[PDB]
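Asks: input_27.cif is reproduced below (mmCIF, C-alpha atoms and all ligand atoms).
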```cif
data_coords
loop_
_atom_site.label_atom_id
_atom_site.label_comp_id
_atom_site.auth_asym_id
_atom_site.auth_seq_id
_atom_site.Cartn_x
_atom_site.Cartn_y
_atom_site.Cartn_z
CA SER D 1 -62.62 45.92 -40.81
CA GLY D 2 -59.46 43.94 -40.12
CA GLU D 3 -58.61 44.75 -36.49
CA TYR D 4 -58.91 41.99 -33.89
CA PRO D 5 -62.59 41.98 -32.91
CA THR D 6 -63.33 43.21 -29.34
CA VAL D 7 -66.06 42.67 -26.68
CA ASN D 8 -68.27 45.65 -27.52
CA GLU D 9 -67.89 44.86 -31.24
CA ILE D 10 -69.49 41.34 -31.06
CA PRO D 11 -73.12 40.99 -29.90
CA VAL D 12 -73.75 37.93 -27.79
CA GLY D 13 -74.74 35.18 -30.22
CA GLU D 14 -72.51 36.28 -33.11
CA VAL D 15 -69.14 34.86 -34.03
CA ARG D 16 -66.21 36.34 -35.90
CA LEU D 17 -63.13 34.66 -37.32
CA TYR D 18 -59.67 36.22 -37.56
CA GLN D 19 -56.94 34.91 -39.83
CA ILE D 20 -53.80 34.34 -37.76
CA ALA D 21 -51.57 32.58 -40.30
CA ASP D 22 -51.95 30.33 -43.34
CA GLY D 23 -54.45 27.67 -42.28
CA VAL D 24 -54.91 29.14 -38.78
CA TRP D 25 -57.80 31.27 -37.54
CA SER D 26 -59.03 32.34 -34.16
CA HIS D 27 -62.71 32.45 -33.41
CA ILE D 28 -64.18 35.17 -31.19
CA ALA D 29 -67.55 35.21 -29.47
CA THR D 30 -69.08 36.95 -26.49
CA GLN D 31 -71.13 35.69 -23.59
CA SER D 32 -72.84 36.89 -20.43
CA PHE D 33 -71.71 35.47 -17.09
CA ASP D 34 -72.81 36.72 -13.67
CA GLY D 35 -74.17 39.87 -15.24
CA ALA D 36 -71.11 40.96 -17.23
CA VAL D 37 -70.20 40.42 -20.89
CA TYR D 38 -66.87 38.92 -21.92
CA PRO D 39 -65.18 37.97 -25.17
CA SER D 40 -63.47 34.65 -25.58
CA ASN D 41 -61.24 33.02 -28.18
CA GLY D 42 -60.79 29.63 -29.74
CA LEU D 43 -58.76 28.27 -32.64
CA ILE D 44 -59.40 26.70 -36.06
CA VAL D 45 -56.57 24.82 -37.81
CA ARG D 46 -56.76 23.51 -41.35
CA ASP D 47 -56.23 19.71 -41.40
CA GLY D 48 -55.98 18.91 -45.11
CA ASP D 49 -59.51 19.30 -46.50
CA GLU D 50 -60.93 19.19 -42.96
CA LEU D 51 -60.73 21.51 -39.94
CA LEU D 52 -59.66 20.94 -36.35
CA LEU D 53 -61.50 23.12 -33.82
CA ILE D 54 -59.97 24.17 -30.50
CA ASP D 55 -62.63 25.15 -27.91
CA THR D 56 -66.28 25.98 -28.28
CA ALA D 57 -67.61 29.53 -28.67
CA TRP D 58 -68.97 29.62 -25.07
CA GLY D 59 -72.51 28.31 -25.33
CA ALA D 60 -74.78 26.24 -27.54
CA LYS D 61 -76.16 29.06 -29.65
CA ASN D 62 -72.74 30.71 -29.99
CA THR D 63 -71.30 27.35 -31.09
CA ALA D 64 -74.00 26.85 -33.72
CA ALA D 65 -73.19 30.35 -34.94
CA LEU D 66 -69.50 29.39 -35.01
CA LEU D 67 -70.22 26.44 -37.28
CA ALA D 68 -72.25 28.66 -39.61
CA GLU D 69 -69.49 31.28 -39.70
CA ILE D 70 -66.89 28.62 -40.53
CA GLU D 71 -69.06 27.37 -43.39
CA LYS D 72 -69.47 30.91 -44.73
CA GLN D 73 -65.81 31.96 -44.41
CA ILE D 74 -63.85 28.73 -44.90
CA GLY D 75 -66.24 26.10 -46.26
CA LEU D 76 -64.42 22.99 -45.01
CA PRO D 77 -65.98 20.59 -42.50
CA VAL D 78 -65.08 20.63 -38.84
CA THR D 79 -64.35 16.99 -38.05
CA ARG D 80 -62.73 17.07 -34.60
CA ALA D 81 -62.65 19.44 -31.64
CA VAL D 82 -60.43 19.63 -28.57
CA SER D 83 -61.48 21.48 -25.40
CA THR D 84 -58.55 22.90 -23.45
CA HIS D 85 -60.20 22.90 -20.01
CA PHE D 86 -63.52 22.09 -18.38
CA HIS D 87 -65.16 25.54 -18.15
CA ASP D 88 -68.16 26.60 -20.21
CA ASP D 89 -66.11 28.87 -22.46
CA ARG D 90 -64.30 25.71 -23.61
CA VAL D 91 -66.92 22.93 -23.48
CA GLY D 92 -70.26 24.79 -23.64
CA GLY D 93 -71.34 23.89 -27.14
CA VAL D 94 -69.88 20.38 -27.16
CA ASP D 95 -73.40 18.91 -27.43
CA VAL D 96 -74.03 21.13 -30.50
CA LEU D 97 -70.72 19.95 -32.00
CA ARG D 98 -71.45 16.29 -31.41
CA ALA D 99 -74.89 16.62 -33.12
CA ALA D 100 -73.17 18.33 -36.12
CA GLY D 101 -70.82 15.41 -36.83
CA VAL D 102 -67.84 16.67 -34.86
CA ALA D 103 -65.87 14.23 -32.74
CA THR D 104 -65.14 15.93 -29.42
CA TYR D 105 -62.03 15.35 -27.32
CA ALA D 106 -60.51 16.44 -24.00
CA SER D 107 -58.13 15.06 -21.43
CA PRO D 108 -59.57 12.63 -18.86
CA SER D 109 -58.95 15.32 -16.25
CA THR D 110 -61.09 17.80 -18.18
CA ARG D 111 -63.80 15.22 -18.77
CA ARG D 112 -63.97 14.34 -15.07
CA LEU D 113 -64.14 17.99 -14.02
CA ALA D 114 -66.77 18.84 -16.63
CA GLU D 115 -68.91 15.91 -15.51
CA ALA D 116 -68.58 16.71 -11.83
CA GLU D 117 -69.49 20.35 -12.36
CA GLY D 118 -72.41 19.85 -14.74
CA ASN D 119 -70.75 21.15 -17.90
CA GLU D 120 -70.95 19.50 -21.31
CA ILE D 121 -68.65 16.53 -21.68
CA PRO D 122 -66.40 15.81 -24.69
CA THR D 123 -66.78 12.23 -25.95
CA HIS D 124 -63.19 11.07 -26.31
CA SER D 125 -60.34 11.05 -23.82
CA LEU D 126 -56.88 12.35 -24.69
CA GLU D 127 -54.35 10.14 -22.90
CA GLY D 128 -50.67 10.99 -22.65
CA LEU D 129 -51.20 14.43 -21.11
CA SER D 130 -51.44 13.69 -17.40
CA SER D 131 -47.97 14.87 -16.30
CA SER D 132 -46.72 18.43 -16.68
CA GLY D 133 -44.46 18.73 -19.72
CA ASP D 134 -46.37 16.01 -21.61
CA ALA D 135 -47.08 16.55 -25.26
CA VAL D 136 -49.01 14.62 -27.90
CA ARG D 137 -49.77 15.20 -31.57
CA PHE D 138 -53.34 15.70 -32.73
CA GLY D 139 -53.68 16.36 -36.43
CA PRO D 140 -51.88 19.58 -37.36
CA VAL D 141 -51.23 20.59 -33.73
CA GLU D 142 -49.30 19.58 -30.67
CA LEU D 143 -51.18 19.49 -27.36
CA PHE D 144 -49.11 20.33 -24.27
CA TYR D 145 -49.98 20.06 -20.59
CA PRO D 146 -47.95 22.75 -18.79
CA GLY D 147 -49.19 22.08 -15.25
CA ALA D 148 -51.87 23.77 -13.19
CA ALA D 149 -52.49 27.44 -13.96
CA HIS D 150 -55.90 28.94 -14.71
CA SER D 151 -57.23 25.45 -13.97
CA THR D 152 -55.59 22.17 -13.05
CA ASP D 153 -56.48 20.63 -16.42
CA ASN D 154 -55.57 23.47 -18.78
CA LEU D 155 -53.91 22.49 -22.05
CA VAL D 156 -52.06 24.65 -24.55
CA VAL D 157 -51.93 24.07 -28.30
CA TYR D 158 -49.07 24.70 -30.73
CA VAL D 159 -49.39 24.86 -34.51
CA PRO D 160 -45.86 23.93 -35.67
CA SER D 161 -46.42 24.87 -39.33
CA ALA D 162 -47.05 28.47 -38.30
CA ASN D 163 -45.34 28.79 -34.91
CA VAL D 164 -48.67 29.73 -33.35
CA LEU D 165 -49.06 29.18 -29.62
CA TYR D 166 -52.64 29.07 -28.40
CA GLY D 167 -52.35 29.47 -24.67
CA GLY D 168 -55.98 29.26 -23.79
CA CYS D 169 -56.97 30.67 -20.41
CA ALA D 170 -53.54 29.96 -18.88
CA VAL D 171 -52.34 32.96 -20.93
CA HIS D 172 -53.64 36.51 -20.59
CA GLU D 173 -53.60 39.38 -23.04
CA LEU D 174 -51.12 42.24 -22.59
CA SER D 175 -53.78 44.74 -21.41
CA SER D 176 -54.86 42.44 -18.56
CA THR D 177 -54.63 43.89 -15.06
CA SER D 178 -55.75 40.85 -13.15
CA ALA D 179 -55.55 37.14 -13.48
CA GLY D 180 -59.13 36.93 -14.86
CA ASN D 181 -61.47 34.41 -13.34
CA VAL D 182 -59.32 32.63 -10.77
CA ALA D 183 -62.05 30.53 -9.14
CA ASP D 184 -60.39 27.24 -10.13
CA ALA D 185 -56.81 28.48 -10.52
CA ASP D 186 -53.54 27.56 -8.80
CA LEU D 187 -51.83 30.95 -8.46
CA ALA D 188 -48.79 29.37 -6.78
CA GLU D 189 -48.10 26.91 -9.64
CA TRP D 190 -49.18 29.19 -12.50
CA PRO D 191 -45.81 30.94 -12.99
CA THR D 192 -44.04 27.56 -13.02
CA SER D 193 -46.50 26.32 -15.63
CA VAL D 194 -45.93 29.42 -17.75
CA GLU D 195 -42.17 28.92 -17.47
CA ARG D 196 -42.67 25.41 -18.86
CA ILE D 197 -44.54 26.87 -21.85
CA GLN D 198 -41.79 29.44 -22.42
CA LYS D 199 -39.12 26.73 -22.33
CA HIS D 200 -41.01 24.38 -24.62
CA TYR D 201 -42.06 26.90 -27.31
CA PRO D 202 -39.21 29.41 -27.69
CA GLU D 203 -39.93 29.93 -31.39
CA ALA D 204 -43.56 30.93 -31.02
CA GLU D 205 -44.38 33.92 -33.23
CA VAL D 206 -48.01 34.50 -32.29
CA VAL D 207 -49.42 33.86 -28.80
CA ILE D 208 -53.21 33.76 -28.45
CA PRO D 209 -54.81 34.16 -25.00
CA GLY D 210 -58.07 32.57 -23.93
CA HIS D 211 -59.68 36.01 -23.82
CA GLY D 212 -58.52 39.13 -25.67
CA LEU D 213 -55.92 40.18 -28.18
CA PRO D 214 -53.14 38.02 -29.61
CA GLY D 215 -49.57 39.19 -29.47
CA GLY D 216 -46.11 37.74 -29.25
CA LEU D 217 -44.09 35.84 -26.67
CA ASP D 218 -44.41 38.73 -24.19
CA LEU D 219 -47.92 37.53 -23.34
CA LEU D 220 -46.30 34.65 -21.43
CA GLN D 221 -44.10 36.85 -19.24
CA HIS D 222 -46.94 39.35 -18.76
CA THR D 223 -49.18 36.52 -17.56
CA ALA D 224 -46.59 35.36 -15.03
CA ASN D 225 -46.20 38.93 -13.82
CA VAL D 226 -49.92 39.60 -13.32
CA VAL D 227 -50.54 36.25 -11.65
CA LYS D 228 -47.67 36.80 -9.20
CA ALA D 229 -48.90 40.30 -8.43
CA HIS D 230 -52.48 39.03 -8.02
CA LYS D 231 -51.36 36.40 -5.52
CA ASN D 232 -49.34 39.11 -3.75
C1 LIG J 301 -66.70 30.49 -17.82
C2 LIG J 301 -65.49 31.07 -17.15
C3 LIG J 301 -65.47 32.62 -17.08
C4 LIG J 301 -66.60 33.38 -16.82
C5 LIG J 301 -66.53 34.79 -16.76
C6 LIG J 301 -65.33 35.46 -16.95
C7 LIG J 301 -64.17 34.71 -17.18
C8 LIG J 301 -62.82 35.05 -17.37
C9 LIG J 301 -62.24 36.43 -17.37
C10 LIG J 301 -62.58 37.45 -16.48
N1 LIG J 301 -61.85 38.51 -16.77
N2 LIG J 301 -61.10 38.24 -17.81
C11 LIG J 301 -60.20 39.23 -18.36
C12 LIG J 301 -61.28 36.99 -18.21
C13 LIG J 301 -62.16 33.84 -17.55
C14 LIG J 301 -60.70 33.57 -17.70
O1 LIG J 301 -59.90 34.29 -17.03
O2 LIG J 301 -60.32 32.54 -18.31
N3 LIG J 301 -63.02 32.84 -17.51
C15 LIG J 301 -64.26 33.31 -17.25
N4 LIG J 301 -65.39 30.58 -15.77
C16 LIG J 301 -66.44 30.46 -14.80
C17 LIG J 301 -65.78 29.93 -13.58
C18 LIG J 301 -66.10 28.50 -13.24
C19 LIG J 301 -66.34 28.91 -11.82
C20 LIG J 301 -67.60 28.50 -11.15
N5 LIG J 301 -67.54 28.76 -9.72
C21 LIG J 301 -66.26 30.37 -12.23
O3 LIG J 301 -64.39 30.13 -13.81
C22 LIG J 301 -64.14 30.47 -15.12
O4 LIG J 301 -63.06 30.67 -15.57
ZN ZN J 302 -61.70 28.84 -17.38
ZN ZN J 303 -61.37 31.46 -19.82
#
```
Output the file's structure as structure tokens, nothing else.
Replies:
Amino acid sequence: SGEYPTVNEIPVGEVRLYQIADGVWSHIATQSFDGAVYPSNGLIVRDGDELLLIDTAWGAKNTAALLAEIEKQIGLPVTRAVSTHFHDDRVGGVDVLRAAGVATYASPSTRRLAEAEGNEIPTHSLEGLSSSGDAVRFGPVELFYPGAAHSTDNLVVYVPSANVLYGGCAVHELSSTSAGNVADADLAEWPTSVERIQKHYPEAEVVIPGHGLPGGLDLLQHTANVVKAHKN
């Protein structure tokens, strides 16, 4: 009923959209992993009479449900998708997307890691993102590689028309008490990577984490704080 949808509010298999700004939505889905249920976010950005998708909905069936929810709520075709790192909450569902006419993209680093680990593999490589601080345009967004954080390949996405910063899993929600799933993280570099984001996007108005509630710029400092304390 208008609040940001939360883990116990979304059954696994269902997807909800949330309007962030004009032409910008997040998508929210839930999934089971190692016997616990988690929410996760992605992004939808209007690209003329088409849509750009950022990240899958964490699984094939969730991603099919995402496409159906987009058709119901927005009614414009998803033509391209970008996955912001190699984990299943970002690429699981890429095969569904490809079979539904969506061209799927990720950095070469993400594609290599997905392949090596047995995750679904985006079709197209995004060059120009291999060095921290790199940025490239992709339709209505800018893609930025901040350096290693949650993963070595994590990308962030900025929507300049709306000053929306989608941090993906390199950015944690304000209620977070831990650095999330750190299996593939670089806790030592993470605060430096967040500092790069802060420097590059000082006018961000909305910051969206990979999991949990959007907020403002304070999500970036909070993330640095909880990663440093985790490492400690
Ligand atoms: C799919 C994703 C994942 C699974 C379950 C929980 C989380 C969370 C999370 C947990 N708590 N909160 C608040 C968020 C985050 C996050 O932090 O992005 N990702 C998660 N995987 C799995 C993996 C690959 C490794 C294989 N050995 C383990 O690593 C990840 O990230
Ligand atoms: Zn991850
Ligand atoms: Zn994640």
Asks: Take CA of residue 69 (chain D) and CA of residue 158 (chain D) and report the distance between them in Å, one decimal.
Replies: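 CA of residue 69 (chain D) sits 23.3 Å away from CA of residue 158 (chain D).
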Asks: Taking only C-alpha atoms and all ligand atoms into account, list the residues no farther than 10 Å from ligand LIG 301 (chain J), as JSON, numbers by chain.
Replies: {"D": [31, 32, 33, 34, 35, 36, 37, 38, 39, 40, 41, 58, 59, 85, 86, 87, 88, 89, 90, 91, 92, 117, 119, 150, 151, 168, 169, 170, 171, 172, 173, 175, 176, 177, 178, 179, 180, 181, 182, 183, 184, 185, 209, 210, 211, 212]}
Asks: Using only C-alpha atoms and a cutoff of 9 Å, can you tell me which residues are near (-72.9, 34.5, -35.9) in the file's coordinates, and write them out as a ChimeraX atom specification?
Replies: /D:11-16,29,61-69
Asks: What does the distance from CA of residue 24 (chain D) to CA of residue 225 (chain D) come to in Å, to one decimal?
Replies: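 If I compute the distance from CA of residue 24 (chain D) to CA of residue 225 (chain D), I get 28.2 Å.
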Asks: Of the candidates D:216, D:122, D:48, D:167, which shows the shortest atom-to-atom distance to ligand ZN 303 (chain J), using all atoms listed in the file?
Replies: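 Comparing D:216, D:122, D:48, D:167 against ligand ZN 303 (chain J), the winner is D:167.
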Asks: Quick one: everything within 7 Å of region 133-146 of chain D, counting only C-alpha atoms, minus sequence neighbours fewer than 4 positions away in the same chain. Send it as a VMD selection string.
Replies: chain D and resid 47 128 to 129 154 to 160 193 196 to 197
Asks: Could you tell me how far CA of residue 191 (chain D) lies from CA of residue 213 (chain D), in Å and to one decimal?
Replies: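 Rounded to one decimal, the two atoms are 20.5 Å apart.
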Asks: Please return, as a PyMOL selection string, all polymer residues that have at least one atom within 12 Å of the point (-49.1, 40.8, -5.7); use all atoms listed in the file and the file's own coordinate frame.
Replies: chain D and resi 177-179+187-188+224-232
Asks: Which residues are close to residue 82 (chain D), i.e. within 6 Å by all atoms listed in the file, leaving aside same-chain residues fewer than 4 positions away? Reply as a ChimeraX atom specification.
Replies: /D:54-55,105-106
Asks: From the set D:127, D:110, D:223, D:121, which residue has the shortest atom-to-atom contact distance to ligand ZN 302 (chain J), counting only C-alpha atoms and all ligand atoms?
Replies: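 For ligand ZN 302 (chain J), the nearest of the candidates is D:110.
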Asks: Counting all atoms listed in the file, which of D:10, D:97, D:17, D:149 gets nearest to ligand ZN 303 (chain J)?
Replies: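 Closest residue, counting all atoms listed in the file: D:149.
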Asks: Which is closest to ligand ZN 303 (chain J) among D:115, D:147, D:57, D:52, if we use all atoms listed in the file?
Replies: D:57
Asks: Could you check the closest approach to ligand ZN 302 (chain J) for each of D:186, D:9, D:50, D:71 and tell me which residue wins, using only C-alpha atoms and all ligand atoms?
Replies: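 Using only C-alpha atoms and all ligand atoms, ligand ZN 302 (chain J) sits closest to D:186.
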Asks: Which residue gives the smallest distance to ligand ZN 302 (chain J) among D:120, D:189, D:49, D:153, with only C-alpha atoms and all ligand atoms counted?
Replies: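 Nearest to ligand ZN 302 (chain J): D:153.
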Asks: Give me region 47-75 of chain D from this structure - N, CA and C atoms, as a short mmCIF file (atom, residue, chain, number, x, y, z; two decimals), in the first residue's frame.
Replies:
```cif
data_model
loop_
_atom_site.label_atom_id
_atom_site.label_comp_id
_atom_site.auth_asym_id
_atom_site.auth_seq_id
_atom_site.Cartn_x
_atom_site.Cartn_y
_atom_site.Cartn_z
N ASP D 47 13.60 4.16 -21.18
CA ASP D 47 14.61 4.39 -22.26
C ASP D 47 13.76 4.69 -23.50
N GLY D 48 13.15 5.87 -23.51
CA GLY D 48 12.21 6.22 -24.57
C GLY D 48 10.91 5.44 -24.49
N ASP D 49 10.59 4.64 -25.52
CA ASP D 49 9.47 3.72 -25.43
C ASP D 49 9.94 2.30 -25.15
N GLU D 50 11.14 2.14 -24.63
CA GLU D 50 11.66 0.86 -24.18
C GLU D 50 12.10 0.98 -22.72
N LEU D 51 12.48 -0.15 -22.14
CA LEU D 51 13.00 -0.17 -20.77
C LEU D 51 14.36 -0.83 -20.72
N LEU D 52 15.23 -0.27 -19.88
CA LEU D 52 16.49 -0.85 -19.48
C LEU D 52 16.32 -1.49 -18.11
N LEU D 53 16.70 -2.76 -17.99
CA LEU D 53 16.65 -3.49 -16.74
C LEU D 53 18.04 -3.57 -16.13
N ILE D 54 18.15 -3.32 -14.83
CA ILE D 54 19.37 -3.56 -14.08
C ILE D 54 19.11 -4.69 -13.10
N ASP D 55 19.80 -5.83 -13.33
CA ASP D 55 19.80 -7.03 -12.50
C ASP D 55 18.52 -7.84 -12.66
N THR D 56 18.70 -9.15 -12.57
CA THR D 56 17.58 -10.07 -12.53
C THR D 56 16.89 -10.00 -11.18
N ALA D 57 15.80 -10.77 -11.05
CA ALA D 57 15.05 -10.87 -9.81
C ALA D 57 15.47 -12.10 -8.99
N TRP D 58 16.68 -12.62 -9.19
CA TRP D 58 17.23 -13.69 -8.35
C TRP D 58 16.52 -15.00 -8.60
N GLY D 59 16.68 -15.52 -9.81
CA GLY D 59 16.16 -16.81 -10.20
C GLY D 59 15.32 -16.74 -11.46
N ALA D 60 15.22 -17.89 -12.13
CA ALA D 60 14.47 -17.98 -13.38
C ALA D 60 12.99 -17.66 -13.19
N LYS D 61 12.34 -18.32 -12.23
CA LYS D 61 10.91 -18.09 -12.07
C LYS D 61 10.64 -16.67 -11.56
N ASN D 62 11.47 -16.17 -10.65
CA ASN D 62 11.31 -14.79 -10.20
C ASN D 62 11.46 -13.83 -11.38
N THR D 63 12.40 -14.10 -12.28
CA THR D 63 12.65 -13.21 -13.42
C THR D 63 11.51 -13.25 -14.43
N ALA D 64 10.93 -14.42 -14.67
CA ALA D 64 9.71 -14.48 -15.47
C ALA D 64 8.59 -13.67 -14.83
N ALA D 65 8.47 -13.77 -13.51
CA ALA D 65 7.45 -12.99 -12.81
C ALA D 65 7.74 -11.49 -12.90
N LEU D 66 9.02 -11.12 -12.89
CA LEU D 66 9.41 -9.73 -13.08
C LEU D 66 8.93 -9.21 -14.43
N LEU D 67 9.18 -9.97 -15.48
CA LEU D 67 8.74 -9.53 -16.80
C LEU D 67 7.23 -9.35 -16.85
N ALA D 68 6.49 -10.28 -16.24
CA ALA D 68 5.04 -10.16 -16.23
C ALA D 68 4.59 -8.94 -15.43
N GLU D 69 5.24 -8.67 -14.30
CA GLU D 69 4.89 -7.50 -13.51
C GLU D 69 5.17 -6.20 -14.24
N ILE D 70 6.29 -6.15 -14.97
CA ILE D 70 6.59 -4.98 -15.79
C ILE D 70 5.51 -4.78 -16.85
N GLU D 71 5.09 -5.85 -17.52
CA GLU D 71 4.05 -5.71 -18.53
C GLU D 71 2.75 -5.21 -17.94
N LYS D 72 2.40 -5.67 -16.73
CA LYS D 72 1.17 -5.27 -16.08
C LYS D 72 1.25 -3.80 -15.64
N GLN D 73 2.36 -3.36 -15.06
CA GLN D 73 2.46 -2.07 -14.41
C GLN D 73 2.94 -0.97 -15.33
N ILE D 74 3.78 -1.30 -16.31
CA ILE D 74 4.44 -0.30 -17.15
C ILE D 74 4.06 -0.47 -18.61
N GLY D 75 4.11 -1.69 -19.12
CA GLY D 75 3.62 -1.98 -20.46
C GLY D 75 4.52 -1.56 -21.59
#
```
